[PDB]
Amino acid sequence: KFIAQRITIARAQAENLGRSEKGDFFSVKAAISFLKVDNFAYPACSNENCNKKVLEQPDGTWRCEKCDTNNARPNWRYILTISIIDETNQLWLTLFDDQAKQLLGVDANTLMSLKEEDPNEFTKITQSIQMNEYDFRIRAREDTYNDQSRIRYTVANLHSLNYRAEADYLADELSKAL
Amino acid sequence: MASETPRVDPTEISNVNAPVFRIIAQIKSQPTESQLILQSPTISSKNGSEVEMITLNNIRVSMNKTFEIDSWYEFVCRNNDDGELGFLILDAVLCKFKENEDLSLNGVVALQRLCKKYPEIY
DNA sequence: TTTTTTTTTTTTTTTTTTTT
């Protein structure tokens, strides 16, 4: 009793639609193509459930607008996204702190301190983690900033290492085809 | 090699005469190293298809190719066209999946069937 | 047996190995 059947990204835009306004994400099995080098982790204050992005006053220490505090450790949160490819479409997936932290197994502060570090192991981790296969739960929403609007996707979960269940499931689908 | 080497069922020895093919099945230990027992069931039990086991004669050929118990191996072999002899053991590839996990042979069987009905794709 | 609070709306991945 596991999740097996699913659809693709090409079938995600229009399949016998609609489905007018209603849906909640869905499961996707897709390989990872490339990891963007820009917009990895944005800095913020260290606390639980921080919705504010700290800025720099003419001080030199990070300052939060809503909650006044002195930030000793500028705790970073993952804004990093990834470029993925599937059986049909080539899409882009936006990962959160837990999703991107679970992807490479490295936190945001250690990743930012790893990039600014003298050794080149940052590019070694970036190139070693890229080009893999992964499973996500992706949802689609349409947001508009000013003059530009398009549908974007996010990652609600990560799953991998499943092999036997997919092979036996496809084998059963082959046996039930007759 | 560079030629076509599809995966065929060990019971197809009567269909094709002396080809070069690869087999993925279960390896059993004989009383001697000159014989081999290949356990290859098919899908469901009571559906009408049962376990297909084929015995081969290893003789002295491929001494270092001896198979480990419970391990999997890709069998590169050529059938003998004379008689009273199984598939000649030539090459073997180490085959295992993961730790604390196994693999069902059904997905393999459906493999070996499809490549029989569709020679275009392997 | 699955229900948001951490940005901005682009995004480039391998760019050099090869006959007459």
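For the cross-link pairs A:1/B:98; A:1/A:22; B:28/B:96, which exceed 19 Å when the distance is taken from alpha carbon to alpha carbon? Please report the intermediate quantities before stating the final value.
On the way: A:1/B:98 21 Å; A:1/A:22 26 Å; B:28/B:96 16 Å.
Flagged as over cut-off: A:1/B:98; A:1/A:22.
Using the Cα gyration tensor of chain B, with a ≥ b ≥ c the square roots of its eigenvalues, what is the shape: rounded (a/c below 1.5), prolate (a/b larger than b/c) or oblate (neither)? Can you show the working numbers first?
Values: a/c = 1.35, a/b = 1.08, b/c = 1.25.
Rounded.
Report the GluC sites (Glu not before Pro) located in segment B:3-45 that are in a DSSP loop and have at most 11 other Cβ atoms inside 10 Å of their Cβ, or state none.
Details: sites: B:4, B:12, B:33; in loops: B:4, B:33.
Those that pass, being in a loop and sparsely packed, are B:4.
Roughly how many Å is it from the Cα centre of segment A:1-59 to that of segment A:99-136, as a whole number?
With segment A:1-59 and segment A:99-136 each reduced to a Cα centre, they are spaced 18 Å.
Segment A:21-86: which trypsin sites (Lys or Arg not before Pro) are DSSP loop and have at most 14 other beta-carbon atoms within 10 angstrom?
Working: sites: A:22, A:29, A:36, A:52, A:53, A:63, A:66, A:77; in loops: A:22, A:36, A:52, A:53, A:66.
Answer in residue order: A:22, A:36, A:52, A:53, A:66.
On a straight-distance basis, which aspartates and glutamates could pair with residue A:52 in a cross-link, Cα separation under 13 angstrom, same-chain partners fewer than 8 positions away excluded?
Within the straight-line cut-off, residue A:52 pairs with A:65, A:68.
Jot down the per residue volume, in cubic angstrom and as a whole number, of the convex hull over the alpha-carbon atoms of the protein assembly as shown. All intermediate terms of the calculation are to be shown ahead of the outcome.
Numbers: hull volume 72.8 nm³, N = 300.
About 243 Å³ per residue, rounded to a whole number.
Which of the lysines could be linked to residue A:124 by a straight reach, that is with a Cα gap under 24 Å, when you skip same-chain ones fewer than 8 residues away?
Residue A:124 reaches A:36, A:101, A:115.
Counting other Cβ atoms within 10 Å, keep those with at most 12, restrict to DSSP loop, and tell me which chymotrypsin sites (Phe, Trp or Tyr not before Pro) in segment A:1-55 are left. List each step's numbers first, then the result.
Working: sites: A:2, A:25, A:26, A:34, A:40; in loops: A:2, A:25, A:26, A:40.
Listed in order of number, the matching sites are A:2.
Taking the number of other C-beta atoms within 10 Å as the exposure measure, put B:7, B:60 in order starting with the fewest.
So the residues, fewest neighbours to most, are B:60, B:7.
What share of the DSSP beta bridges in chain B is antiparallel, in percent to the nearest 5? Can you show the working numbers first?
Values: 21 of 22 bridges.
Once the DSSP bridges in chain B are tallied, antiparallel ones form about 95 percent.
As a test of the formula, what do you get for chain A when each DSSP H run with n ≥ 4 contributes -39,500 (n - 2.57) and the sum is divided by the residue count, at 222 nm and rounded to the nearest 500 deg cm²/dmol? Please report the intermediate quantities before stating the final value.
Details: 5 runs with 41 residues, N = 178.
So the calculated ellipticity at 222 nm is -6000 deg cm²/dmol.
Using Cα positions and a limit of under 18 Å, work out the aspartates and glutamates in reach of residue A:176, with same-chain residues fewer than 8 apart set aside.
Counting by Cα, and skipping residues close in sequence, residue A:176 has these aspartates and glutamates nearby: A:166, A:168.
Over segment A:111-178, with a single point scatterer placed on each C-alpha, what log10 of the ratio I(q)/I(0) does the Debye formula yield at q = 0.14, 0.15, 0.28 1/Å?
Log10 of I(q)/I(0), two decimals: -0.83, -0.87, -1.10.
Could you work out the mean count of beta carbons from other protein chains within 10 Å of each residue's beta carbon in B:100-110?
Numbers: counts 0, 3, 1, 4, 5, 2, 6, 10, 2, 3, 9.
For peptide B:100-110, the averaged partner shielding equals 4.
How high is the relative contact order of chain B? Use alpha-carbon pairs under 8 Å, at least six apart in sequence, and give a whole percent.
Details: 197 pairs, mean separation 31.0, N = 122.
RCO, chain B: 25 percent.
Residues with amide H under 5 Å of residue A:75's amide H, sequence separation 5 or more or different chain, H placed in the peptide plane at 1.01 Å from N; which?
Result for residue A:75 returns A:44, A:46.
Evaluate the Kirkwood expression for the hydrodynamic radius of chain A, namely the inverse of the mean inverse distance over all pairs of different C-alpha atoms, and round to one decimal in Å. Write down the numbers at each step before the final one.
Values: mean 1/r = 0.0526 Å⁻¹.
This gives a value of 19.0 Å.
Using a simple charge model, +1 on the beta-carbon of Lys and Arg, -1 on the beta-carbon of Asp and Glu, nothing else, what dipole does segment B:10-115 show about its Cα centre, in debye to the nearest 20?
Details: 9 positive and 14 negative charges, 24 e Å.
Dipole about the Cα centre, nearest 20: 120 debye.
How far, in nm, would the chain grow between residue B:4 and residue B:78 when pulled straight, counting 0.36 nm per residue and subtracting the alpha carbon separation?
Working: separation 74, 0.36 × 74 = 26.64 nm, distance 1.27 nm.
Additional length available on full extension: 25.4 nm.
Read the figures in this text as sums done on the coordinates, not as results from a lab. Cβ atoms come from the backbone with ideal geometry, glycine included; neighbour counts cover every protein chain shown.
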